[PDB]
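**Student:** Let me give you the structure first, and then I'll get to my questions.
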Amino acid sequence: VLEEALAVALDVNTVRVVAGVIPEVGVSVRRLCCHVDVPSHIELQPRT
Amino acid sequence: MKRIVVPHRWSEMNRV
Amino acid sequence: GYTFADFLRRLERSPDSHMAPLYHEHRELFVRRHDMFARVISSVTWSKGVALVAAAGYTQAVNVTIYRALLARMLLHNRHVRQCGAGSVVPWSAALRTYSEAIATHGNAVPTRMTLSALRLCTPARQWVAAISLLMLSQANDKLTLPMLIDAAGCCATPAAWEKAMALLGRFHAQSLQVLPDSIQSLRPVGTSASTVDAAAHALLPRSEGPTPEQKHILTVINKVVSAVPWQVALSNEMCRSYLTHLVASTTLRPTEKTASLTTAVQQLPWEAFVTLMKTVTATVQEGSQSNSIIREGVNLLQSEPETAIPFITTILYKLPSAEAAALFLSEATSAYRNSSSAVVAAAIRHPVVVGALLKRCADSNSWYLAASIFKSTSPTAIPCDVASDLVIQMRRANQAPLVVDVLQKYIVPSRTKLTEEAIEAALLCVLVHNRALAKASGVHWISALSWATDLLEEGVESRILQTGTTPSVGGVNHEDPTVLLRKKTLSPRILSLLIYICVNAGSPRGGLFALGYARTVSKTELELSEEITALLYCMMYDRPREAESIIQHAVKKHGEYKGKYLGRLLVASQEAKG
Amino acid sequence: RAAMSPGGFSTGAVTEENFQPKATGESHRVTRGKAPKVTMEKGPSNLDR
Amino acid sequence: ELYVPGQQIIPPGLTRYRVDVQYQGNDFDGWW
Amino acid sequence: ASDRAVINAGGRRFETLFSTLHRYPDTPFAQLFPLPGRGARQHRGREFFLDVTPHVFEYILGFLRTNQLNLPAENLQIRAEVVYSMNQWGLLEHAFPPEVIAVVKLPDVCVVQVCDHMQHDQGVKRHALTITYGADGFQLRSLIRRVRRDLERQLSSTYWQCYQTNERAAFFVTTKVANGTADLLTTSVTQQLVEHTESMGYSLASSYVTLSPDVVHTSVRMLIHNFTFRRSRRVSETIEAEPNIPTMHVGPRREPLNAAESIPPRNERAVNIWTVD
Amino acid sequence: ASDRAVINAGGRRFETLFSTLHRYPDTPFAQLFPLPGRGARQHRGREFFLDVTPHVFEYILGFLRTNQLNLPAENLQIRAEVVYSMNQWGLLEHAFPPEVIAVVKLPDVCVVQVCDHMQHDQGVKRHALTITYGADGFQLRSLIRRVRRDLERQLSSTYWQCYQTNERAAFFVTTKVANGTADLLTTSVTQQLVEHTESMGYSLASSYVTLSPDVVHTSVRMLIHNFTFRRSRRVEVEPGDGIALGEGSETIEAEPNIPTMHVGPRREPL
Amino acid sequence: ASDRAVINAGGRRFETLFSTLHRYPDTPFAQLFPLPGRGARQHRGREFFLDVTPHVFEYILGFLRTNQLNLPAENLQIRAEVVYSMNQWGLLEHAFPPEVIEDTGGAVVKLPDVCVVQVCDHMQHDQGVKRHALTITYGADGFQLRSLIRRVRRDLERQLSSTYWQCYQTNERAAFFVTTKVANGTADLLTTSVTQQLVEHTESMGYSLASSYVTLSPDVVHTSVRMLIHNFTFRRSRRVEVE
């Protein structure tokens with residue numbers, strides 16, 4: 001869901017996100033910190 | 001003026 | 001998933017410090033394949049080549065072919081820096097360190113081509129103690145050759161120790177007796193008239209007239225050693241006089257390299273010795289076959305025009321003591337050509353080497369007002385761009401806007417003249433000042449200013465990566481010709497800030513976002529305040545002044561005051577363009 | 001798998017005595033049963049002692 | 001630009017961004 | 001006069017130059033004593049009077065000539081006078097510059113950690129020494145060539161290898177030789193290890209050795225040998241060429257002896273321009 | 001001059017000021033020896049004779065100019081002759097005042113213990129290093145900075161951590177590093193440990209080792225490196241007497257972590 | 001009056017004769033001191049300036065006066081300065097001459113100033129009996145292992161017979177000493193006596209013991225080979241010539 005949302009919002013074909021924690025089924029997260037490798041020619045505002 | 005030689009191995013020094 | 005071409009692109013875009021992980025990541029290509037390592041080294045920069053060599057010295061056993069390909073790549077970079085004009089030459093210290101690593105890894109196993117390439121790399125630095133040490137190291141191993149003596153005499157061409165180079169050439173002539181007179185006489189074949197010079201450029205069948213490329217290398221060494229020698233013994237030795245008489249009456253090679261050798265050769269001669277030598281050769285070659293100083297060049301030219309239009313008017317232009325003498329040589333000699341029925345020679349003044357010689361004589365005197373009269377009059381032609389790079393710098397020191405942008409858009413751009421980095425940094429600042437003057441009065445478009453940084457840009461490195469299919473192969477036939485992938489242009493952050501201010505004052509902030517993305521893509525150059533500059537450009541695109549003030553206040557409360565000074569300057573440069 | 005896993009990317013010097021032959025003899029597309037693993041040794045408690 | 005022997009090598013043409021997300025976990029199936 | 005300056009400190013009269021006291025003119029040591037104004041008053045020589053210990057007065061003015069300050073280790077009273085007089089006069093702040101971090105500087109101490117890996121099966125040994133230095137600048141190519149020359153005379157290269165793996169790390173192995181031969185190799189390595197560091201200007205301060213038990217299923221030990229050095233020294237030969245990573249010689253040679261070296265042709269050969277005897 | 005005080009003590013000629021001897025008005029050394037009264041009779045310079053040793057009086061006159069006194073430990077006679085001169089002249093109360101009811105003092109010897117929990121299993125070498133000192137006064141912030149200067153260039157900050165736990169104890173973490181690079185880690189920490197302690201003024205008397213197996217895990221082993229540092233005096237300035245003269249600028253430490261223990265809106269405390 | 005020459009080195013004045021510094025003429029130390037040339041310009045005495053330590057120069061000038069040398073072992077910084085100053089001045093080869101061995105005649109060897117000795121004891125156990133395989137290994141060449149085994153054997157004829165131990169030479173720098181079928185108490189007599197004979201033999205070569213550090217196999221399970229690794233560090237501080 002996060003991958004397709006970032007691909008729609010950044011207009012890329014397929015992006016890959018890597019999470020710091022891989023939680024199991026049922027456990028909530030509050031600040032799950034992950035990193036995405038995006039193309040450098042995208043200059044969108046971080047709120048946009 | 002530096003002469004360059006190859007250092008001999010033990011099979012080369014003690015060749016019979 | 002990835003090809004060898006994409007691996008070479010990733011290597012050429014990554015910096016020098018990233019040579020160690022990638023070699024250790026894709027090490028299955030390098031541990032058993034020396035040809036793959038040689039192809040990687042030849043298709044990459046010399047600094048990345050020595051970085052890969054220093055990385056592989058701790059892991060593999062490097063061969064002599066690796067250092068041979070590295071020295072060949074450094075010689076190709078020297079050829080490129082001779083051809084283009086920007087960037088620095090390969091240092092002699094790195095070549096000596098590479099030769100020392102090759103001679104400490106492989107003792108008495110390197111060929112003489114290694115020593116030849118080391119001497120050719122130490123030649124433009126004029127380091128002759130390195131040549132003496134290399135000759136002693138080669139003599140101690142009982143492998144001392146004659147092209148090594150030629151390249152060591154070319155290395156020893158210096159005003160300090162020219163006598164050692166002359167002694168080396170004398171020992172070469174004593175050892176091998178017929179190479180030097182045949183290589184000199186190749187510049188003057190038997191049975192040469194003016195009709196031969198006409199048919200060399202008019203008729204068909206471009207035959208080779210006698211000079212071999214080894215003879216061309218020998219003649220280049222002779223040209224360097226006669227540039228280094230003073231004028232006293234250069235007019236007494238038979239070899240030097242023969243070379244000076246055969247260079248001015250060559251008529252066998254192209255006029256560009258002839259002009260280059262004539263500019264390098266007669267530099268140490270004074271004016272009187274130069275004009276007496278030219279008078280003597282014009283006497284003998286025309287009697288065998290057939291202030292006041294501005295008058296003395298007119299009688300020198302009118303007796304010596306069998307297709308000698310290109311090199312002589314540049315050699316006399318270089319031999320003049322001042323640049324106003326060169327301006328009088330451009331004007332009064334053209335008037336004398338109009339007086340002495342010389343309509344055919346004046347079509348050769350529009351040759352690019354003549355205006356390049358005039359611009360170099362104006363640039364070494366640091367005269368931009370004299371250069372502007374040649375800029376605005378003549379047609380735009382291909383400048384060799386070593387002089388146009390510093391002429392824009394010299395025009396920037398006057399701190400005046402319109403002449404620099406005028407000559408950039410009317411002489412440099414239609415002639416496709418490629419400037420250096422500091423020249424473009426000065427030209428974009430002059431464009432910005434002229435655009436601010438045009439904005440406060442009420443003509444550079446922002447797309448043109450974006451294209452003048454990418455298309456008009458010259459680096460000292462050479463693109464050498466070929467495609468996957470476009471390579472001379474041992475199996476199968478090739479579908480396409482060998483094509484070279486052009487490297488994407490890298491931009492300094494001063495050019496980034498100038499392009500940002502240009503796209504702000506032009507009224508289109510999209511170009512600044514595109515330039516920032518291109519800079520993050522080609523070289524990972526991220527500005528220290530770019531997270532605020534992106535939002536300032538987005539507020540500029542959507543006309544939000546209150547948010548543009550709030551982000552400046554937040555950058556003041558977060559960063560320093562001097563960091564927000566740039567944001568305030570960008571805001572007051574946007575407010576004059578919106579109004 | 002955590003006991004035999006090298007931490008991060010790890011490379012060493014190459015020598016022809018250590019070859020690492022890639023000719024395994026099975027398919028490279030399958031990875032079930034190919035990971036390096038220790039044999040689990042569980043020590044005895046003091047009741048077992 | 002320097003290199004330390006354990007750093008994260010980012011390939012050219014790409015830039016790493018940090019995201020901070022949250023979800024309920026009862027509604028979702030979880031992570032990958 | 002502007003040439004001679006006479007300062008009477010503790011009864012002892014020393015002669016010095018005006019450039020010595022005014023080498024650091026911004027300090028209170030020089031601006032409190034008007035040397036050009038005292039030269040115009042006393043035409044022969046400037047006369048000043050200081051109240052210090054005369055042996056300490058030799059230490060501060062001797063620093064101005066040699067650019068090196070050495071403090072006494074035993075006498076703590078004189079040691080306390082130098083840190084007090086140069087702080088009150090302002091010469092202490094210019095003596096030791098605090099720097100914030102191309103030339104390479106050797107450190108004051110140097111530790112060398114050697115990690116062996118032993119294997120023993122009924123009277124034979126099998127060593128793998130991992131020599132590791134403490135900082136950059138140590139030329140380990142000069143260290144390994146000290147090991148390779150002295151070990152080639154004792155044993156053949158078919159039983160041991162030695163190559164460099166990093167700027168501050170080396171390596172050495174031993175392929176299953178007897179205990180009388182393996183201890184011959186390990187003692188000869190660690191003697192060329194310290195003798196390389198003695199040539200760098202150091203001296204062995206302390207050292208220790210550590211032996212580990214076997215792994216729970218193999219006969220593998222880990223012998224840890226650590227050294228500690230300190231800064232003792234106050235700071236046309238024959239090229240012997242060898243590759244870093246060596247190659248093994250098993251059985252006959254695949255390439256002949258003349259195919260190793262490269263020779264130029266006879267027609268390209270020239271006479272020697274330097275003398276050879 | 002009249003301001004100069006020439007004193008003949010034991011045959012050696014000494015020259016000093018009037019205010020240095022009159023630094024303490026109440027002592028009988030300055031009371032029974034009037035310096036400005038003798039300056040009215042002696043026009044050029046005053047002359048005083050003493051029955052004290054010339055090697056002793058360099059410590060007596062040097063005390064009045066430095067406001068400190070150091071006694072030689074290897075010479076028991078000059079230790080006895082100076083303090084007896086302090087008692088017969090009344091300067092022992094001014095040199096050593098009575099203790100009323102806090103600077104640090106470096107001891108003559110220091111024991112530095114280095115506890116390593118090394119885990120080595122087939123190419124991977126994991127370390128857990130703890131450096132502790134025997135006394136206070138040591139600047140552990142400077143010891144960590146020497147580790148941060150070297151190991152940041154040698155490895156990324158992901159693989160290792162290094163921070164301060166106590167005033168005399170420090171910690172160093174290492175997570176799953178290979179054979180060669182972890183040997184570069186522990187040697188450089190041992191390099192900067194001796195570099196930090198010898199810069200304090202100490203000299204390594206002896207260094208010895210202690211190896212132990214582990215109780216829970218198999219491939220983990222304990223390595224106790226105990227270091228004995230004997231005190232010397234370096235040829236440069238020490239941080240003991242240097243901090244009293246040249247006070248170096250203390251840099252601001254890193255921001256500590258305030259842990260969260262509550263979940264919710266959490267109305268403000270009173 | 002005229003024969004004495006003033007040497008000022010490190011703020012300390014030294015005075016000595018003319019022939020003592022020119023005792024060895026071929027050394028570079030005598031070439032940098034033109035003693036007949038400096039006496040011709042200054043008729044009173046020669047005045048020379050050096051930047052060396054005064055305590056170091058007393059050892060160097062003391063060797064020229066009295067043909068003896070004893071390097072200080074309590075200070076390594078002073079001792080390393082003496083050897084380094086006598087190397088750059090060319091005085092070490094006359095202080096420590098090369099040795100002569102007769103095995104065939106070949107006499108060229110330079111003894112190291114810092115040598116290490118590795119003593120490894122292999123304790124095994126098979127079928128109720130135990131054995132020791134002591135291996136003595138010197139650092140470099142030049143030492144006399146023929147005389148050490150003579151001192152090891154002669155000190156062991158009184159203690160035990162030739163049946164329970166054997167001691168011979170395997171290499172020029174390696175010595176072997178086996179031990180079989182001995183009691184628990186008399187095994188400490190053998191290892192302490194060989195360690196006694198190891199140090200004083202190196203003292204007879206002209207060395208001095210710096211430090212010693214031993215390790216031992218700390219395993220509680222049965223091991224086929226237990227290893228006692230005794231390491232010695234010797235520093236050459238003198239020279240010993242027998243008669």
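By convention here, the chains of the structure tokens are called A, B, ... in the order presented, each chain's residues are numbered starting at 1, and ligands are numbered starting at 1 in the order presented.
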Hey, list the chain H side of the contact with chain G: 10 Å cut-off, only C-alpha atoms, answer as a PyMOL selection string.

**Tutor:** chain H and resi 211+213+215+218-219

**Student:** Quick one: write out the picked residues with C-alpha atoms as a PDB file, in the first residue's frame?

**Tutor:**
ATOM      1  CA  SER H 211      60.958  -8.706  30.222  1.00  0.00           C
ATOM      2  CA  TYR H 213      55.734 -13.129  29.669  1.00  0.00           C
ATOM      3  CA  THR H 215      50.989 -18.128  28.558  1.00  0.00           C
ATOM      4  CA  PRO H 218      43.488 -22.740  29.901  1.00  0.00           C
ATOM      5  CA  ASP H 219      41.317 -25.679  28.828  1.00  0.00           C
TER       6      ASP H 219
END

**Student:** Within 8 Å of residue 6 (chain D), counting only C-alpha atoms, which residues qualify if same-chain residues fewer than 6 places away don't, as a count of residues only?

**Tutor:** 5

**Student:** Using only C-alpha atoms, which residues sit within 9 Å of residue 480 (chain C) once same-chain residues fewer than 4 positions away are excluded, as an MDAnalysis selection string?

**Tutor:** chainID C and resid 469:471

**Student:** Find the residues around residue 109 (chain H) up to 8 Å (only C-alpha atoms counted), leave out those fewer than 6 positions away in its own chain, and share them as a PyMOL selection string.

**Tutor:** chain H and resi 98-100+141-142

**Student:** I want to know what sits within 10 Å of region 237-251 of chain C, based on only C-alpha atoms, with residues of the same chain fewer than 6 positions away left out; could you give that as a short mmCIF file (atom, residue, chain, number, x, y, z; two decimals) with N, CA, C and O atoms, in the first residue's frame?

**Tutor:**
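Okay, this is what ended up in selection_14.cif:
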data_model
loop_
_atom_site.label_atom_id
_atom_site.label_comp_id
_atom_site.auth_asym_id
_atom_site.auth_seq_id
_atom_site.Cartn_x
_atom_site.Cartn_y
_atom_site.Cartn_z
N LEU C 180 68.00 11.12 -38.35
CA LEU C 180 67.78 12.56 -38.24
C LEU C 180 67.80 13.30 -39.59
O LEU C 180 66.89 14.11 -39.81
N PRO C 181 68.77 13.09 -40.50
CA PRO C 181 68.67 13.82 -41.78
C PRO C 181 67.51 13.38 -42.65
O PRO C 181 66.92 14.23 -43.33
N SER C 183 64.57 12.31 -41.46
CA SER C 183 63.38 12.89 -40.83
C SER C 183 63.30 14.39 -41.06
O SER C 183 62.20 14.95 -41.11
N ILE C 184 64.44 15.07 -41.19
CA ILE C 184 64.40 16.49 -41.52
C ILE C 184 64.07 16.70 -43.00
O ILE C 184 63.23 17.54 -43.34
N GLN C 185 64.66 15.90 -43.89
CA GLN C 185 64.43 16.02 -45.32
C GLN C 185 63.04 15.54 -45.75
O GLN C 185 62.63 15.82 -46.88
N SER C 186 62.32 14.83 -44.88
CA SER C 186 60.92 14.51 -45.15
C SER C 186 60.03 15.76 -45.20
O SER C 186 58.95 15.70 -45.79
N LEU C 187 60.47 16.87 -44.61
CA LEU C 187 59.77 18.14 -44.74
C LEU C 187 60.08 18.86 -46.05
O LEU C 187 59.48 19.91 -46.31
N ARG C 188 60.98 18.33 -46.87
CA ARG C 188 61.31 18.96 -48.15
C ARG C 188 61.65 17.87 -49.15
O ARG C 188 62.82 17.49 -49.31
N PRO C 189 60.65 17.32 -49.84
CA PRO C 189 60.92 16.28 -50.83
C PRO C 189 61.56 16.85 -52.09
O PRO C 189 61.53 18.05 -52.36
N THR C 192 59.79 19.76 -55.58
CA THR C 192 58.64 20.45 -55.01
C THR C 192 58.60 21.88 -55.52
O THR C 192 59.55 22.65 -55.31
N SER C 193 57.51 22.23 -56.20
CA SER C 193 57.25 23.59 -56.67
C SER C 193 55.94 24.07 -56.06
O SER C 193 55.36 23.41 -55.19
N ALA C 194 55.47 25.23 -56.53
CA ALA C 194 54.19 25.76 -56.04
C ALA C 194 53.01 24.95 -56.57
O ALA C 194 51.96 24.90 -55.92
N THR C 196 52.91 21.72 -56.79
CA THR C 196 52.72 20.61 -55.86
C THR C 196 51.91 21.04 -54.64
O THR C 196 51.05 20.29 -54.17
N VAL C 197 52.14 22.26 -54.15
CA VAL C 197 51.37 22.78 -53.02
C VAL C 197 49.92 23.04 -53.43
O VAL C 197 49.00 22.87 -52.63
N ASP C 198 49.70 23.44 -54.69
CA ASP C 198 48.34 23.61 -55.18
C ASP C 198 47.63 22.27 -55.31
O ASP C 198 46.47 22.12 -54.90
N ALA C 200 48.29 19.47 -53.76
CA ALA C 200 48.10 18.77 -52.50
C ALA C 200 46.75 19.10 -51.86
O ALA C 200 46.22 18.29 -51.09
N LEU C 219 60.08 14.71 -35.13
CA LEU C 219 60.00 16.13 -35.43
C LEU C 219 59.35 16.93 -34.31
O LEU C 219 59.72 18.08 -34.09
N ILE C 222 62.08 17.37 -31.87
CA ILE C 222 62.99 18.38 -32.40
C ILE C 222 62.40 19.79 -32.23
O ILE C 222 63.11 20.74 -31.89
N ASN C 223 61.08 19.93 -32.42
CA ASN C 223 60.42 21.21 -32.22
C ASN C 223 60.47 21.65 -30.76
O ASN C 223 60.71 22.82 -30.46
N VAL C 225 62.79 20.66 -28.56
CA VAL C 225 64.18 20.94 -28.21
C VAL C 225 64.71 22.19 -28.90
O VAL C 225 65.71 22.77 -28.44
N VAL C 226 64.07 22.65 -29.98
CA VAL C 226 64.45 23.93 -30.57
C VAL C 226 63.65 25.09 -29.97
O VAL C 226 64.10 26.24 -30.05
N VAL C 229 65.94 25.66 -26.82
CA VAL C 229 67.31 26.11 -27.04
C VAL C 229 67.31 27.62 -27.26
O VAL C 229 66.33 28.18 -27.77
N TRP C 231 68.64 31.27 -28.99
CA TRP C 231 68.76 31.65 -30.39
C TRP C 231 70.19 31.72 -30.89
O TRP C 231 70.40 31.81 -32.10
N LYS C 258 51.38 22.93 -38.65
CA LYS C 258 52.49 23.77 -39.10
C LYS C 258 52.49 25.11 -38.38
O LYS C 258 53.54 25.59 -37.95
N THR C 259 51.31 25.71 -38.22
CA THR C 259 51.17 26.96 -37.47
C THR C 259 51.53 26.76 -36.00
O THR C 259 52.20 27.60 -35.39
N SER C 261 53.63 24.43 -34.75
CA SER C 261 55.08 24.26 -34.67
C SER C 261 55.82 25.57 -34.94
O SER C 261 56.87 25.81 -34.34
N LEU C 262 55.28 26.43 -35.80
CA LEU C 262 55.91 27.73 -36.03
C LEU C 262 55.73 28.67 -34.85
O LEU C 262 56.62 29.48 -34.57
N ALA C 265 58.25 27.28 -32.25
CA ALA C 265 59.67 27.16 -32.59
C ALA C 265 60.42 28.48 -32.47
O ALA C 265 61.49 28.53 -31.84
N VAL C 266 59.89 29.55 -33.05
CA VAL C 266 60.66 30.78 -33.22
C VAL C 266 60.45 31.75 -32.06
O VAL C 266 60.74 32.95 -32.18
N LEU C 277 66.09 35.60 -40.84
CA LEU C 277 65.90 34.21 -41.21
C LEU C 277 64.79 34.05 -42.25
O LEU C 277 64.94 33.30 -43.22
N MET C 278 63.69 34.79 -42.07
CA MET C 278 62.60 34.73 -43.04
C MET C 278 63.01 35.34 -44.38
O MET C 278 62.66 34.80 -45.43
N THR C 280 66.13 35.39 -45.55
CA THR C 280 67.08 34.46 -46.15
C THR C 280 66.37 33.26 -46.78
O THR C 280 66.72 32.84 -47.89
N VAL C 281 65.35 32.72 -46.10
CA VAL C 281 64.66 31.57 -46.67
C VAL C 281 63.77 31.99 -47.84
O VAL C 281 63.65 31.26 -48.83
N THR C 282 63.21 33.21 -47.80
CA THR C 282 62.44 33.72 -48.93
C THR C 282 63.34 34.04 -50.11
O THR C 282 62.91 33.97 -51.26
N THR C 284 66.25 32.20 -50.76
CA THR C 284 66.78 30.97 -51.35
C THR C 284 65.68 30.10 -51.96
O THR C 284 65.89 29.50 -53.02
N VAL C 285 64.48 30.06 -51.36
CA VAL C 285 63.46 29.16 -51.89
C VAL C 285 62.77 29.76 -53.11
O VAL C 285 62.16 29.03 -53.90
N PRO C 306 53.29 31.64 -52.35
CA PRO C 306 52.70 30.41 -52.90
C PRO C 306 52.01 29.57 -51.83
O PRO C 306 52.65 28.73 -51.18
N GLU C 307 50.68 29.73 -51.74
CA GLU C 307 49.80 29.06 -50.76
C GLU C 307 50.35 29.07 -49.33
O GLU C 307 50.23 28.10 -48.59
N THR C 308 50.95 30.19 -48.94
CA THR C 308 51.53 30.36 -47.61
C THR C 308 50.75 31.41 -46.83
O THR C 308 51.31 32.26 -46.14
N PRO C 311 50.19 30.11 -42.27
CA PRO C 311 51.13 30.10 -41.13
C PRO C 311 51.95 31.37 -40.96
O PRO C 311 52.31 31.72 -39.83
N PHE C 312 52.24 32.07 -42.06
CA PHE C 312 53.17 33.20 -42.00
C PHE C 312 52.54 34.41 -41.30
O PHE C 312 53.21 35.08 -40.50
N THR C 315 52.65 33.59 -37.64
CA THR C 315 53.99 33.59 -37.07
C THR C 315 54.51 35.01 -36.88
O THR C 315 55.09 35.33 -35.83
#

**Student:** Given a cut-off of 10 Å, which residues of chain F touch chain C, counting only C-alpha atoms, written out as an MDAnalysis selection string?

**Tutor:** chainID F and resid 163:167 236 238:247 259:276

**Student:** Run DSSP on the backbone and tell me which residues of chain E come out as strand (DSSP E); list them as a PyMOL selection string.

**Tutor:** chain E and resi 14-23

**Student:** Of the candidates G:7, G:29, G:218, G:19, which one gets nearest to residue 214 (chain F) if we count only C-alpha atoms?

**Tutor:**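 Residue with the minimum atom-to-atom distance to residue 214 (chain F): G:218.
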
**Student:** Per residue of chain E within 12 Å of chain C, what are the shortest atom pair and its distance in Å to one decimal, counting only C-alpha atoms, with rows by chain and residue number, as a tab-separated table?

**Tutor:**
residue	atom	partner	partner_atom	distance
E:1	CA	C:17	CA	6.9
E:2	CA	C:17	CA	5.7
E:3	CA	C:17	CA	5.4
E:4	CA	C:17	CA	8.7
E:5	CA	C:21	CA	7.5
E:6	CA	C:21	CA	9.1
E:7	CA	C:21	CA	9.5
E:8	CA	C:21	CA	10.1
E:9	CA	C:21	CA	8.3
E:10	CA	C:14	CA	9.8
E:11	CA	C:10	CA	7.5
E:12	CA	C:10	CA	6.6
E:13	CA	C:521	CA	4.9
E:14	CA	C:521	CA	7.3
E:15	CA	C:520	CA	8.3
E:16	CA	C:524	CA	11.4

**Student:** Counting only C-alpha atoms, what is within 6 Å of region 43-53 of chain F, bar same-chain residues fewer than 6 positions away, as number ranges by chain?

**Tutor:** F: 1, 4-9; G: 16

**Student:** Any chance you could tabulate, as a tab-separated table, the residues of chain D at most 10 Å from chain C with each one's nearest atom pair and distance in Å to one decimal, using only C-alpha atoms, in chain and rising number order?

**Tutor:**
residue	atom	partner	partner_atom	distance
D:9	CA	C:25	CA	8.5
D:10	CA	C:24	CA	9.0
D:11	CA	C:24	CA	6.9
D:12	CA	C:59	CA	7.1
D:13	CA	C:59	CA	4.4
D:14	CA	C:59	CA	5.8
D:15	CA	C:60	CA	7.8
D:16	CA	C:32	CA	9.9

**Student:** For residue 15 (chain H), work out the shell of residues within 6 Å, counting only C-alpha atoms and skipping chain neighbours fewer than 3 positions away, then give it as a PDB file with N, CA and C atoms, in the first residue's frame.

**Tutor:**
ATOM      1  N   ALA H   5      90.489  19.865  23.745  1.00  0.00           N
ATOM      2  CA  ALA H   5      89.498  20.460  22.857  1.00  0.00           C
ATOM      3  C   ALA H   5      88.172  20.570  23.593  1.00  0.00           C
ATOM      4  N   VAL H   6      87.519  21.720  23.467  1.00  0.00           N
ATOM      5  CA  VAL H   6      86.279  21.998  24.183  1.00  0.00           C
ATOM      6  C   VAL H   6      85.102  21.529  23.337  1.00  0.00           C
ATOM      7  N   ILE H   7      84.261  20.675  23.914  1.00  0.00           N
ATOM      8  CA  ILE H   7      83.045  20.195  23.268  1.00  0.00           C
ATOM      9  C   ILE H   7      81.858  20.696  24.077  1.00  0.00           C
TER      10      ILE H   7
END

**Student:** Would you compute the distance between CA of residue 388 (chain C) and CA of residue 408 (chain C)? Give it in Å to one decimal.

**Tutor:**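 These atoms are spaced 10.0 Å apart.
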
**Student:** Just list the residues in region 64-155 of chain G DSSP gives alpha helix (DSSP H) on the backbone, as a ChimeraX atom specification.

**Tutor:** /G:64-66,76-89,92-95,140-154
